[PDB]
Amino acid sequence: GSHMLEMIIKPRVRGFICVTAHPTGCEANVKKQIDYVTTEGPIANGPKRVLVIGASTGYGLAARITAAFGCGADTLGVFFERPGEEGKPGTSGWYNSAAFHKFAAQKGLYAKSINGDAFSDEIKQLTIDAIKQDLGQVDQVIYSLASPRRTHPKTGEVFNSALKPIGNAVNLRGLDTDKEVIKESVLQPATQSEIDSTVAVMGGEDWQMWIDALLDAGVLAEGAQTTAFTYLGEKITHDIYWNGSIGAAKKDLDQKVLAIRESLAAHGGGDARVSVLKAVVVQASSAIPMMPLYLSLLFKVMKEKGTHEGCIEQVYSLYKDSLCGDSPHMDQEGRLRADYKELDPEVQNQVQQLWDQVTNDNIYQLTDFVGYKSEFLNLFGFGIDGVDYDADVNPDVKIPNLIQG
Ligand SMILES: NC(=O)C1=CN([C@@H]2O[C@H](COP(=O)(O)OP(=O)(O)OC[C@H]3O[C@@H](n4cnc5c(N)ncnc54)[C@H](O)[C@@H]3O)[C@@H](O)[C@H]2O)C=CC1
């Protein structure tokens, strides 16, 4: 019988990483984000043909949902995910994208996806072909890539990004989510090679290659728009994201966008912006001990002010207010800001005060570690309402219109 091909999927955590995902729960999570967008209402004057680079999880998935179900856009998505198979659940991003194709088709929306290395020339060429065959051109390009490594499309060199400070070693407090102990560790300052590598991986070169491979193709509409997602944060994380190796990468983004805006604004009044979003739980959060503690504190503080939100709420506002509306939130460098509720002085002062009082004993009285754990499990499709986690499921979920690179 088919029970031999099905299985009961449960959370399995190895190395602060959940190595399983639940297809039914992932589908329920995507539908929850779709339902939020539709309940909030349509978004006027948004793009109608959208390319989302990094479209399977987190903010990129939220952008695909907002564009599709908020602006009514046909969406082409690029991601790097593992399909499921007998006895081996695929990645959450695979099941999320399967659900997106299903729900998009129900609403008569075009949904095609490409699975492969977005840093490579091959994948850029497949994406170009897809646009030529189906859409003609795209109005908006969302760059939402997060990877620890990058294979250079020319030299073949493999760059690995580093999460380290610059100048002086730093003592970072954090929360070990396997042991549930508050703990500190010292990070050494990044070497020059580590900094260049992080710029190469998380900088803006690949975003630039995408736009310049699409422009000479040519598949960008008049008034075309593009934005890249980033995080700046405040003092608690500044040793890494302001001044650290990743801060060096974000400094790269800030200058490469200038070249992109120049090229687009001559092309029908288009526009390009770095968009700064708030911190959220992602698949890799528990692997950096600082973020679980910061997010747990931030969640409690913001919940007490009625300002807590996740990916789909952040990105729905970015579209409605800044990318397509007339409530844009520019900053001195020319970045779009949607993180202002996280950076509110009273929130950060309260997170900082608590940051110095949390111990192993009072974690659940001072932080929303409960909420962090729930949202973390939700990423992989676990703990979702309405899902019968006792039922067998076939982990081999297929995706129509999925180009395998
Ligand atoms: N997580 C956070 O708190 C914040 C993240 N951001 C930014 O948002 C953007 C999205 O990242 P996140 O959503 O955090 O994590 P994420 O892991 O949720 O999403 C990463 C996406 O990139 C895709 N991807 C990774 N390597 C790839 C490759 N080689 N080829 C093709 N696709 C590949 C994945 O399939 C996935 O769709 C990033 O630029 C990040 O810096 C901005 C503010 C806060």
# chains A, B, ... in the order shown; residues from 1 in each chain; ligands from 1
$ residues_around --residues "residue 193 (chain A)" --least-positions-apart "4" --cutoff "12 Å" --atoms "only C-alpha atoms" --output "count of residues only"
11
$ residues_around --residues "region 44-52 of chain A" --least-positions-apart "2" --cutoff "8 Å" --atoms "only C-alpha atoms" --output "JSON, numbers by chain"
{"A": [42, 54, 55, 60, 63, 64, 67, 71, 72, 73, 74, 75, 76, 77, 78, 135, 137, 138, 139, 140, 141, 142, 143, 144, 319, 320, 323, 324, 325]}
$ residues_around --residues "residue 395 (chain A)" --least-positions-apart "2" --cutoff "9 Å" --atoms "only C-alpha atoms" --output "PDB file with N, CA and C atoms, in the first residue's frame"
ATOM      1  N   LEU A   5       5.103   4.605   0.827  1.00  0.00           N
ATOM      2  CA  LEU A   5       5.604   5.819   0.199  1.00  0.00           C
ATOM      3  C   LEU A   5       5.305   7.074   1.005  1.00  0.00           C
ATOM      4  N   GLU A   6       4.453   6.984   2.018  1.00  0.00           N
ATOM      5  CA  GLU A   6       4.112   8.113   2.869  1.00  0.00           C
ATOM      6  C   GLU A   6       4.796   7.969   4.222  1.00  0.00           C
ATOM      7  N   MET A   7       4.746   9.045   5.002  1.00  0.00           N
ATOM      8  CA  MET A   7       5.385   9.058   6.308  1.00  0.00           C
ATOM      9  C   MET A   7       4.748  10.139   7.167  1.00  0.00           C
ATOM     10  N   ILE A   9       5.694  13.128   9.314  1.00  0.00           N
ATOM     11  CA  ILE A   9       6.841  14.030   9.358  1.00  0.00           C
ATOM     12  C   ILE A   9       6.802  14.805  10.664  1.00  0.00           C
ATOM     13  N   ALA A  21      10.761  19.262   6.966  1.00  0.00           N
ATOM     14  CA  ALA A  21       9.721  20.242   6.703  1.00  0.00           C
ATOM     15  C   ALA A  21       8.437  19.490   6.395  1.00  0.00           C
ATOM     16  N   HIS A  22       7.304  20.121   6.700  1.00  0.00           N
ATOM     17  CA  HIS A  22       6.009  19.475   6.543  1.00  0.00           C
ATOM     18  C   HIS A  22       5.266  20.097   5.370  1.00  0.00           C
ATOM     19  N   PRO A  23       4.971  19.348   4.303  1.00  0.00           N
ATOM     20  CA  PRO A  23       4.335  19.980   3.133  1.00  0.00           C
ATOM     21  C   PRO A  23       2.958  20.556   3.425  1.00  0.00           C
ATOM     22  N   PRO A  83      13.904  19.239  -3.622  1.00  0.00           N
ATOM     23  CA  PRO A  83      12.619  18.537  -3.680  1.00  0.00           C
ATOM     24  C   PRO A  83      12.551  17.426  -2.644  1.00  0.00           C
ATOM     25  N   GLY A  84      11.325  17.064  -2.286  1.00  0.00           N
ATOM     26  CA  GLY A  84      11.116  15.923  -1.427  1.00  0.00           C
ATOM     27  C   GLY A  84      11.202  14.616  -2.191  1.00  0.00           C
ATOM     28  N   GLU A  85      11.305  13.531  -1.434  1.00  0.00           N
ATOM     29  CA  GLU A  85      11.293  12.191  -2.004  1.00  0.00           C
ATOM     30  C   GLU A  85      10.941  11.218  -0.892  1.00  0.00           C
ATOM     31  N   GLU A  86      10.727   9.961  -1.276  1.00  0.00           N
ATOM     32  CA  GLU A  86      10.336   8.937  -0.320  1.00  0.00           C
ATOM     33  C   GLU A  86      11.275   8.935   0.879  1.00  0.00           C
ATOM     34  N   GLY A  87      10.694   9.025   2.074  1.00  0.00           N
ATOM     35  CA  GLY A  87      11.454   8.997   3.305  1.00  0.00           C
ATOM     36  C   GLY A  87      12.288  10.227   3.595  1.00  0.00           C
ATOM     37  N   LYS A  88      12.319  11.214   2.701  1.00  0.00           N
ATOM     38  CA  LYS A  88      13.213  12.366   2.840  1.00  0.00           C
ATOM     39  C   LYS A  88      12.462  13.641   2.477  1.00  0.00           C
ATOM     40  N   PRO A  89      11.855  14.304   3.460  1.00  0.00           N
ATOM     41  CA  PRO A  89      11.167  15.569   3.177  1.00  0.00           C
ATOM     42  C   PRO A  89      12.102  16.585   2.537  1.00  0.00           C
ATOM     43  N   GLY A  90      11.570  17.325   1.568  1.00  0.00           N
ATOM     44  CA  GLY A  90      12.304  18.407   0.957  1.00  0.00           C
ATOM     45  C   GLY A  90      12.390  19.600   1.892  1.00  0.00           C
ATOM     46  N   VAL A 393       1.720  11.590   5.027  1.00  0.00           N
ATOM     47  CA  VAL A 393       1.809  12.511   3.902  1.00  0.00           C
ATOM     48  C   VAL A 393       2.894  12.008   2.963  1.00  0.00           C
ATOM     49  N   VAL A 397       6.232  16.136  -3.225  1.00  0.00           N
ATOM     50  CA  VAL A 397       5.297  17.121  -3.753  1.00  0.00           C
ATOM     51  C   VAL A 397       5.910  17.744  -5.001  1.00  0.00           C
TER      52      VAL A 397
END
$ atom_distance --atom1 "atom 18 (O, counted along the ligand's line) of ligand 1" --atom2 "CA of residue 243 (chain A)"
22.9 Å
$ select_by_dssp --residues "region 291-343 of chain A" --states "helix (DSSP H, G or I)" --output "count of residues only"
28
$ residues_around --residues "region 250-256 of chain A" --least-positions-apart "4" --cutoff "9 Å" --atoms "only C-alpha atoms" --output "PDB file with N, CA and C atoms, in the first residue's frame"
ATOM      1  N   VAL A 199      31.791  40.647   1.184  1.00  0.00           N
ATOM      2  CA  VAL A 199      31.319  41.601   0.183  1.00  0.00           C
ATOM      3  C   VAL A 199      30.947  40.873  -1.102  1.00  0.00           C
ATOM      4  N   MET A 202      27.537  38.743  -0.142  1.00  0.00           N
ATOM      5  CA  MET A 202      26.364  39.496   0.279  1.00  0.00           C
ATOM      6  C   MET A 202      26.361  40.933  -0.228  1.00  0.00           C
ATOM      7  N   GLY A 203      27.358  41.330  -1.016  1.00  0.00           N
ATOM      8  CA  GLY A 203      27.377  42.655  -1.602  1.00  0.00           C
ATOM      9  C   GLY A 203      26.398  42.782  -2.752  1.00  0.00           C
ATOM     10  N   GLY A 204      26.597  43.791  -3.600  1.00  0.00           N
ATOM     11  CA  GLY A 204      25.671  44.083  -4.676  1.00  0.00           C
ATOM     12  C   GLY A 204      26.130  43.732  -6.073  1.00  0.00           C
ATOM     13  N   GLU A 205      27.231  42.993  -6.230  1.00  0.00           N
ATOM     14  CA  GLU A 205      27.711  42.665  -7.569  1.00  0.00           C
ATOM     15  C   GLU A 205      26.707  41.794  -8.316  1.00  0.00           C
ATOM     16  N   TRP A 207      23.457  41.331  -7.772  1.00  0.00           N
ATOM     17  CA  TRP A 207      22.305  42.168  -8.084  1.00  0.00           C
ATOM     18  C   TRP A 207      22.572  43.016  -9.322  1.00  0.00           C
ATOM     19  N   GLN A 208      23.790  43.550  -9.439  1.00  0.00           N
ATOM     20  CA  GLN A 208      24.149  44.346 -10.607  1.00  0.00           C
ATOM     21  C   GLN A 208      24.212  43.488 -11.865  1.00  0.00           C
ATOM     22  N   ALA A 228      16.499  45.796  -3.343  1.00  0.00           N
ATOM     23  CA  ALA A 228      17.186  44.744  -2.613  1.00  0.00           C
ATOM     24  C   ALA A 228      16.899  44.906  -1.127  1.00  0.00           C
ATOM     25  N   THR A 230      17.632  44.447   2.889  1.00  0.00           N
ATOM     26  CA  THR A 230      18.772  44.400   3.791  1.00  0.00           C
ATOM     27  C   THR A 230      18.309  44.719   5.205  1.00  0.00           C
ATOM     28  N   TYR A 231      19.242  44.581   6.143  1.00  0.00           N
ATOM     29  CA  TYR A 231      19.012  44.861   7.552  1.00  0.00           C
ATOM     30  C   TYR A 231      20.128  45.756   8.061  1.00  0.00           C
ATOM     31  N   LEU A 232      19.758  46.781   8.821  1.00  0.00           N
ATOM     32  CA  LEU A 232      20.728  47.639   9.491  1.00  0.00           C
ATOM     33  C   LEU A 232      20.699  47.498  11.003  1.00  0.00           C
ATOM     34  N   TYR A 241      26.526  44.242  11.824  1.00  0.00           N
ATOM     35  CA  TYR A 241      25.774  44.709  10.665  1.00  0.00           C
ATOM     36  C   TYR A 241      26.084  46.150  10.280  1.00  0.00           C
ATOM     37  N   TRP A 242      26.389  47.022  11.242  1.00  0.00           N
ATOM     38  CA  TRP A 242      26.942  48.327  10.889  1.00  0.00           C
ATOM     39  C   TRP A 242      28.415  48.204  10.519  1.00  0.00           C
ATOM     40  N   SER A 245      31.834  42.507   9.130  1.00  0.00           N
ATOM     41  CA  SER A 245      32.037  42.039   7.763  1.00  0.00           C
ATOM     42  C   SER A 245      30.767  42.191   6.935  1.00  0.00           C
ATOM     43  N   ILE A 246      29.609  41.888   7.526  1.00  0.00           N
ATOM     44  CA  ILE A 246      28.352  42.061   6.807  1.00  0.00           C
ATOM     45  C   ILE A 246      28.054  43.539   6.606  1.00  0.00           C
ATOM     46  N   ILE A 260      22.334  51.412 -10.391  1.00  0.00           N
ATOM     47  CA  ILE A 260      21.110  50.797 -10.896  1.00  0.00           C
ATOM     48  C   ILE A 260      20.033  51.854 -11.101  1.00  0.00           C
ATOM     49  N   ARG A 261      19.871  52.750 -10.126  1.00  0.00           N
ATOM     50  CA  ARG A 261      18.897  53.828 -10.262  1.00  0.00           C
ATOM     51  C   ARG A 261      19.205  54.686 -11.480  1.00  0.00           C
ATOM     52  N   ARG A 273      15.961  51.026  -5.223  1.00  0.00           N
ATOM     53  CA  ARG A 273      16.110  51.367  -3.816  1.00  0.00           C
ATOM     54  C   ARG A 273      16.586  50.153  -3.032  1.00  0.00           C
ATOM     55  N   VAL A 274      17.550  50.374  -2.141  1.00  0.00           N
ATOM     56  CA  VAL A 274      17.783  49.437  -1.050  1.00  0.00           C
ATOM     57  C   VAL A 274      16.642  49.608  -0.058  1.00  0.00           C
ATOM     58  N   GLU A 333      20.814  58.361   2.928  1.00  0.00           N
ATOM     59  CA  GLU A 333      21.529  57.758   1.811  1.00  0.00           C
ATOM     60  C   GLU A 333      20.625  57.462   0.623  1.00  0.00           C
ATOM     61  N   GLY A 334      19.309  57.494   0.807  1.00  0.00           N
ATOM     62  CA  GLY A 334      18.394  57.122  -0.250  1.00  0.00           C
ATOM     63  C   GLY A 334      17.990  55.664  -0.166  1.00  0.00           C
ATOM     64  N   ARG A 335      17.671  55.204   1.041  1.00  0.00           N
ATOM     65  CA  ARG A 335      17.141  53.868   1.265  1.00  0.00           C
ATOM     66  C   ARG A 335      15.673  53.954   1.659  1.00  0.00           C
TER      67      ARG A 335
END
$ closest_residue --among "A:91, A:296, A:147, A:106" --to "ligand 1" --atoms "only C-alpha atoms and all ligand atoms"
A:147
$ closest_residue --among "A:136, A:270, A:383, A:371" --to "residue 299 (chain A)" --atoms "only C-alpha atoms"
A:371
$ residues_around --residues "residue 317 (chain A)" --least-positions-apart "5" --cutoff "12 Å" --atoms "only C-alpha atoms" --output "JSON, numbers by chain"
{"A": [36, 37, 40, 41, 42, 43, 62, 63, 66, 67, 70, 275, 277, 278, 309, 310, 311, 312, 322, 323, 324, 325, 326, 327, 328, 329, 336, 337, 338, 339, 340]}
$ write_last_selection --atoms "N, CA and C atoms" --output "JSON list (two decimals), in the first residue's frame"
[["chain", "number", "residue", "atom", "x", "y", "z"],
["A", 36, "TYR", "N", -3.78, 37.04, 4.62],
["A", 36, "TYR", "CA", -3.49, 38.36, 5.18],
["A", 36, "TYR", "C", -3.53, 39.43, 4.09],
["A", 37, "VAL", "N", -2.87, 39.16, 2.96],
["A", 37, "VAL", "CA", -2.80, 40.14, 1.88],
["A", 37, "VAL", "C", -4.20, 40.46, 1.37],
["A", 40, "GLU", "N", -6.16, 42.52, 3.91],
["A", 40, "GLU", "CA", -5.72, 43.91, 3.93],
["A", 40, "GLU", "C", -6.21, 44.67, 2.70],
["A", 41, "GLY", "N", -6.35, 43.98, 1.57],
["A", 41, "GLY", "CA", -6.91, 44.57, 0.38],
["A", 41, "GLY", "C", -5.91, 44.68, -0.75],
["A", 42, "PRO", "N", -6.39, 44.99, -1.95],
["A", 42, "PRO", "CA", -5.48, 45.14, -3.09],
["A", 42, "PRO", "C", -4.56, 46.35, -2.92],
["A", 43, "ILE", "N", -3.51, 46.36, -3.74],
["A", 43, "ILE", "CA", -2.56, 47.47, -3.80],
["A", 43, "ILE", "C", -2.60, 48.03, -5.21],
["A", 62, "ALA", "N", 7.37, 36.45, 0.79],
["A", 62, "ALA", "CA", 6.37, 37.47, 1.11],
["A", 62, "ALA", "C", 6.22, 38.46, -0.04],
["A", 63, "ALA", "N", 7.33, 38.84, -0.68],
["A", 63, "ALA", "CA", 7.24, 39.75, -1.82],
["A", 63, "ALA", "C", 6.51, 39.10, -2.98],
["A", 66, "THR", "N", 2.80, 39.18, -1.97],
["A", 66, "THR", "CA", 2.30, 40.55, -2.08],
["A", 66, "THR", "C", 2.10, 40.94, -3.54],
["A", 67, "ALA", "N", 3.14, 40.75, -4.36],
["A", 67, "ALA", "CA", 3.05, 41.10, -5.77],
["A", 67, "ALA", "C", 1.90, 40.36, -6.45],
["A", 70, "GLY", "N", -1.55, 40.78, -3.98],
["A", 70, "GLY", "CA", -1.81, 42.16, -3.61],
["A", 70, "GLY", "C", -1.93, 43.06, -4.83],
["A", 275, "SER", "N", 16.00, 48.50, 0.30],
["A", 275, "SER", "CA", 14.90, 48.52, 1.26],
["A", 275, "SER", "C", 15.37, 47.87, 2.56],
["A", 277, "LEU", "N", 14.48, 46.32, 6.10],
["A", 277, "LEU", "CA", 13.39, 45.63, 6.77],
["A", 277, "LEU", "C", 13.81, 45.25, 8.18],
["A", 278, "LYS", "N", 12.82, 44.87, 8.99],
["A", 278, "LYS", "CA", 13.07, 44.57, 10.38],
["A", 278, "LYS", "C", 13.52, 43.12, 10.54],
["A", 309, "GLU", "N", 5.31, 42.06, 14.10],
["A", 309, "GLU", "CA", 4.83, 41.54, 12.82],
["A", 309, "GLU", "C", 5.93, 40.69, 12.20],
["A", 310, "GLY", "N", 5.54, 39.91, 11.19],
["A", 310, "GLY", "CA", 6.46, 39.03, 10.50],
["A", 310, "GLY", "C", 6.74, 39.47, 9.07],
["A", 311, "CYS", "N", 7.06, 38.51, 8.20],
["A", 311, "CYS", "CA", 7.51, 38.84, 6.85],
["A", 311, "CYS", "C", 6.40, 39.47, 6.03],
["A", 312, "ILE", "N", 5.22, 38.86, 6.01],
["A", 312, "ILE", "CA", 4.18, 39.29, 5.07],
["A", 312, "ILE", "C", 3.66, 40.67, 5.45],
["A", 322, "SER", "N", 5.73, 52.34, 0.13],
["A", 322, "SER", "CA", 6.98, 52.84, -0.43],
["A", 322, "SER", "C", 7.20, 52.46, -1.88],
["A", 323, "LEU", "N", 7.00, 51.19, -2.25],
["A", 323, "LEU", "CA", 7.27, 50.78, -3.62],
["A", 323, "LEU", "C", 6.18, 51.22, -4.58],
["A", 324, "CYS", "N", 4.93, 51.31, -4.12],
["A", 324, "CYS", "CA", 3.80, 51.63, -4.99],
["A", 324, "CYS", "C", 2.95, 52.79, -4.50],
["A", 325, "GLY", "N", 3.12, 53.25, -3.27],
["A", 325, "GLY", "CA", 2.30, 54.30, -2.71],
["A", 325, "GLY", "C", 3.02, 55.64, -2.65],
["A", 326, "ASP", "N", 2.34, 56.62, -2.05],
["A", 326, "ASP", "CA", 2.96, 57.91, -1.81],
["A", 326, "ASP", "C", 3.07, 58.17, -0.32],
["A", 327, "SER", "N", 3.59, 57.19, 0.42],
["A", 327, "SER", "CA", 4.10, 57.40, 1.77],
["A", 327, "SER", "C", 5.53, 56.89, 1.87],
["A", 328, "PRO", "N", 6.41, 57.28, 0.94],
["A", 328, "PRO", "CA", 7.75, 56.69, 0.93],
["A", 328, "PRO", "C", 8.56, 57.15, 2.14],
["A", 329, "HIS", "N", 9.40, 56.25, 2.61],
["A", 329, "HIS", "CA", 10.18, 56.45, 3.83],
["A", 329, "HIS", "C", 11.66, 56.47, 3.46],
["A", 336, "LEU", "N", 14.90, 52.95, 1.26],
["A", 336, "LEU", "CA", 13.53, 52.82, 1.71],
["A", 336, "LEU", "C", 13.53, 52.12, 3.07],
["A", 337, "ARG", "N", 12.83, 52.70, 4.04],
["A", 337, "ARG", "CA", 12.83, 52.19, 5.40],
["A", 337, "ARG", "C", 11.45, 51.66, 5.75],
["A", 338, "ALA", "N", 11.40, 50.39, 6.15],
["A", 338, "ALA", "CA", 10.21, 49.79, 6.74],
["A", 338, "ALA", "C", 10.49, 49.25, 8.13],
["A", 339, "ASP", "N", 11.66, 49.56, 8.69],
["A", 339, "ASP", "CA", 12.10, 49.03, 9.97],
["A", 339, "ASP", "C", 11.91, 50.03, 11.12],
["A", 340, "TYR", "N", 11.18, 51.12, 10.88],
["A", 340, "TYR", "CA", 11.14, 52.20, 11.86],
["A", 340, "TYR", "C", 10.52, 51.77, 13.18]]
$ select_by_dssp --residues "region 226-287 of chain A" --states "strand (DSSP E or B)" --output "list in words"
residues 226, 227, 228, 229, 230, 271, 272, 273, 274, 275 and 276 of chain A
$ closest_residue --among "A:145, A:213, A:301, A:240" --to "ligand 1" --atoms "only C-alpha atoms and all ligand atoms"
A:145
$ residues_around --residues "residue 206 (chain A)" --least-positions-apart "6" --cutoff "10 Å" --atoms "only C-alpha atoms" --output "MDAnalysis selection string"
chainID A and resid 118:120 143 145 150 152:153 200 212
$ closest_residue --among "A:284, A:219, A:330, A:358" --to "ligand 1" --atoms "only C-alpha atoms and all ligand atoms"
A:284
$ atom_distance --atom1 "atom 39 (O, counted along the ligand's line) of ligand 1" --atom2 "CA of residue 58 (chain A)"
9.8 Å
$ residues_around --residues "residue 368 (chain A)" --least-positions-apart "2" --cutoff "12 Å" --atoms "only C-alpha atoms" --output "list in words"
residues 292, 293, 294, 295, 296, 297, 298, 299, 300, 301, 302, 303, 304, 308, 351, 354, 358, 362, 363, 364, 365, 366, 370, 371, 372, 373, 374 and 375 of chain A
$ write_last_selection --atoms "N, CA, C and O atoms" --output "compact mmCIF listing (two decimals), in the first residue's frame"
# COMPACT_ATOMS: atom_id res chain seq x y z
N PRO A 292 18.57 34.72 18.25
CA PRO A 292 17.49 34.19 19.09
C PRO A 292 17.24 35.01 20.34
O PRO A 292 16.08 35.22 20.73
N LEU A 293 18.30 35.50 20.99
CA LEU A 293 18.10 36.33 22.18
C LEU A 293 17.55 37.70 21.80
O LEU A 293 16.64 38.21 22.46
N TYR A 294 18.09 38.31 20.75
CA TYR A 294 17.61 39.62 20.33
C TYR A 294 16.15 39.54 19.88
O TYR A 294 15.32 40.37 20.28
N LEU A 295 15.82 38.55 19.06
CA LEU A 295 14.45 38.42 18.56
C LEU A 295 13.49 38.11 19.70
O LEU A 295 12.37 38.64 19.73
N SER A 296 13.90 37.27 20.65
CA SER A 296 13.03 36.96 21.78
C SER A 296 12.70 38.22 22.58
O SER A 296 11.55 38.42 22.98
N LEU A 297 13.70 39.07 22.81
CA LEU A 297 13.45 40.32 23.51
C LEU A 297 12.64 41.28 22.65
O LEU A 297 11.67 41.89 23.12
N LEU A 298 13.01 41.42 21.37
CA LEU A 298 12.30 42.33 20.48
C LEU A 298 10.83 41.93 20.35
O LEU A 298 9.95 42.80 20.33
N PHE A 299 10.56 40.63 20.26
CA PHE A 299 9.18 40.18 20.11
C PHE A 299 8.33 40.61 21.30
O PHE A 299 7.21 41.10 21.13
N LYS A 300 8.84 40.43 22.51
CA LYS A 300 8.07 40.81 23.69
C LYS A 300 7.84 42.31 23.74
O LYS A 300 6.71 42.77 23.97
N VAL A 301 8.89 43.10 23.53
CA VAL A 301 8.76 44.55 23.60
C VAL A 301 7.75 45.04 22.58
O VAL A 301 6.85 45.84 22.88
N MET A 302 7.87 44.57 21.33
CA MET A 302 7.00 45.07 20.28
C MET A 302 5.57 44.56 20.44
O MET A 302 4.62 45.27 20.09
N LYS A 303 5.40 43.35 20.98
CA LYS A 303 4.05 42.86 21.25
C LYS A 303 3.35 43.72 22.30
O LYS A 303 2.14 43.93 22.22
N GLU A 304 4.10 44.22 23.28
CA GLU A 304 3.51 45.08 24.30
C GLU A 304 3.13 46.45 23.75
O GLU A 304 2.35 47.16 24.39
N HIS A 308 4.39 44.19 16.78
CA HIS A 308 5.06 42.99 16.32
C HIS A 308 4.45 42.53 15.00
O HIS A 308 3.24 42.61 14.79
N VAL A 351 14.73 47.00 24.95
CA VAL A 351 15.45 45.77 24.61
C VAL A 351 16.83 45.77 25.23
O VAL A 351 17.33 44.74 25.69
N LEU A 354 16.63 45.10 29.06
CA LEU A 354 16.40 43.67 29.29
C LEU A 354 17.60 42.84 28.89
O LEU A 354 17.89 41.82 29.53
N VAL A 358 18.68 39.41 31.50
CA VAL A 358 18.21 38.06 31.19
C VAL A 358 19.25 37.05 31.64
O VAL A 358 20.45 37.20 31.37
N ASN A 362 15.29 33.45 34.20
CA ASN A 362 14.19 34.36 33.91
C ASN A 362 13.92 34.51 32.41
O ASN A 362 13.25 35.46 32.01
N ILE A 363 14.40 33.58 31.58
CA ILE A 363 14.23 33.71 30.14
C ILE A 363 12.76 33.88 29.79
O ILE A 363 12.38 34.76 29.00
N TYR A 364 11.90 33.05 30.38
CA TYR A 364 10.48 33.06 30.03
C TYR A 364 9.70 34.17 30.72
O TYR A 364 8.55 34.40 30.36
N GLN A 365 10.30 34.86 31.69
CA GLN A 365 9.66 36.01 32.31
C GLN A 365 10.10 37.34 31.70
O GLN A 365 9.35 38.31 31.78
N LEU A 366 11.28 37.39 31.08
CA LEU A 366 11.79 38.61 30.49
C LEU A 366 11.71 38.65 28.97
O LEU A 366 11.74 39.74 28.39
N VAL A 370 9.21 31.78 24.02
CA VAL A 370 8.11 30.94 23.55
C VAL A 370 7.73 31.32 22.12
O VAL A 370 7.64 30.48 21.23
N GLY A 371 7.50 32.62 21.90
CA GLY A 371 7.09 33.07 20.58
C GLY A 371 8.16 32.84 19.52
O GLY A 371 7.85 32.53 18.37
N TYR A 372 9.43 32.99 19.90
CA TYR A 372 10.51 32.70 18.97
C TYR A 372 10.47 31.24 18.53
O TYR A 372 10.55 30.93 17.33
N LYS A 373 10.37 30.32 19.49
CA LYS A 373 10.38 28.90 19.16
C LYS A 373 9.19 28.53 18.27
O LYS A 373 9.34 27.76 17.32
N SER A 374 8.02 29.09 18.56
CA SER A 374 6.84 28.79 17.75
C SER A 374 7.02 29.29 16.32
O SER A 374 6.77 28.55 15.36
N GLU A 375 7.46 30.54 16.16
CA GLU A 375 7.65 31.08 14.82
C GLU A 375 8.75 30.34 14.07
O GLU A 375 8.67 30.17 12.85
$ atom_distance --atom1 "CA of residue 179 (chain A)" --atom2 "CA of residue 11 (chain A)"
16.7 Å
